[PDB]
């Protein structure tokens, strides 16, 4: 097959990211896997004249170790190729479907040759314990999993594979993102699962051996309590929370309510609700129930996700592009392992973003950098990796998105 010429974005050089230390069991699983891939010609050992590197990890799906390459830098540095030059259009109808199934089709890439001149940029290293030896160095000979270039290049072949099935089912939406296919229909869950089975058979002829419910997706509205008697402290928390909301939702009003907070009162004192405060309150509940008037997705802009730890295995999140301009808010709940729970929430929030916008967010994670770096791999199950940074949650924000 004829390779597609690939080019880095102008000026900038390839990835030079350091390999993270790996446990012995993961190093062994990677050696096994790469020894096998090498025999099959998918990768080749390289010399020191290749200065690039990207990190690799082992994840365990199933009781089978799998290789995960962290192509975040390469993807960032080749962004002209997979986004503007080629690039898969994202369907707005996908998020509308009653059911969306995610199928892994990463195996497909291993049969397409990679541009000879681009191969050096896919260099990665298997480390050794206590630096007994130099790492084992490899680069790719075929479209690698995890590179955003791979689906971009395999795009026109995927279209042929899917054409009979699309023609036969015009009301099914199929979208490719990185290594996965997203398949949405409005069918009853039995006919839906049957169609996925059929799709698998189509894929199976070309060497490609869970269910979302986007309808069930709705805002996690900032909730104002319904209370029996209100204390000064309670009214204060209310104003605080509505004060925050008014940064986001037009039409939020606070006047009638904090009229109640007059003079210097003991925090536990009971204060009766004004006919007006109660209307204002209710009128605010109306507004919080709905989407944010004035906020729209700008496809030229990165997505950001903030996560808050709420205790009792509950986590709240917001997605926006400019701060406080929420495109979406939600929650994930239910381990007494914080890192494990955070990992799950990140993957779930990422998955939603792909379906909604065909883009992955950069996460602001409420956790020590080193803690996350050591541990996230133990639980990660996806075949992509979002960008993340590490942040200390403002104690206020956590409170205002409480449930």
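Numbering follows the first chain given and starts at 1.
Asks: Per the record, how many residues of the deposited chain fall between residue 209 and residue 210 without being modelled: none, 1 to 3, 4 to 9, or 10 or more?
Replies: Per the deposited record, the segment joining residue 209 and residue 210 lacks coordinates for 10 or more residues.
Asks: Please classify the coordinate gap between residue 61 and residue 62 in terms of deposited residues: none, 1 to 3, 4 to 9, or 10 or more.
Replies: Missing residues, residue 61 to residue 62: 1 to 3.
Asks: Compare the mean C-alpha B-factor of 324-332 with that of 81-89 as given in the PDB entry, and name the stretch with the higher value.
Replies: That would be 81-89.
Asks: Averaging the C-alpha B factors as listed in the entry, name the stretch that ends up higher: 363-371 or 343-351.
Replies: So the stretch with the higher mean C-alpha B-factor is 363-371.
Asks: Just the C-alpha B-factor column, please: which of 163, 104, 171, 278 has the biggest number?
Replies: In the PDB entry, the greatest C-alpha B-factor among 163, 104, 171, 278 is found at 278.
Asks: Among 224, 126, 114, 108, single out the one with the highest C-alpha B factor in the record, please.
Replies: Reading the PDB entry, the winner on C-alpha B-factor is 224.
Asks: Compare the C-alpha B factor of residue 65 with those of the other modelled residues in its chain, then answer lowest, middle or highest third.
Replies: It falls in the top third of the chain.
Asks: State the tercile, meaning the lowest, middle or highest third, of residue 19 with respect to the CA B-factors recorded for its chain.
Replies: Middle third of the chain for residue 19's C-alpha B-factor.
Asks: Where does residue 385 sit by CA temperature factor within its chain: lowest, middle or highest third?
Replies: Lowest third - that is where residue 385 ends up once the chain's C-alpha B-factors are sorted.
Asks: Taking only the Cα B-factors deposited for this chain, tell me whether residue 296 sits in the lowest, middle or highest third.
Replies: Tercile = middle for this residue's CA B-factor.
Asks: Among all modelled residues of this chain, ranked by Cα B factor, put residue 190 in the bottom, middle or top third, i.e. lowest, middle or highest.
Replies: For residue 190, whose C-alpha B-factor we compare with every modelled residue in the chain, the answer is the middle third.
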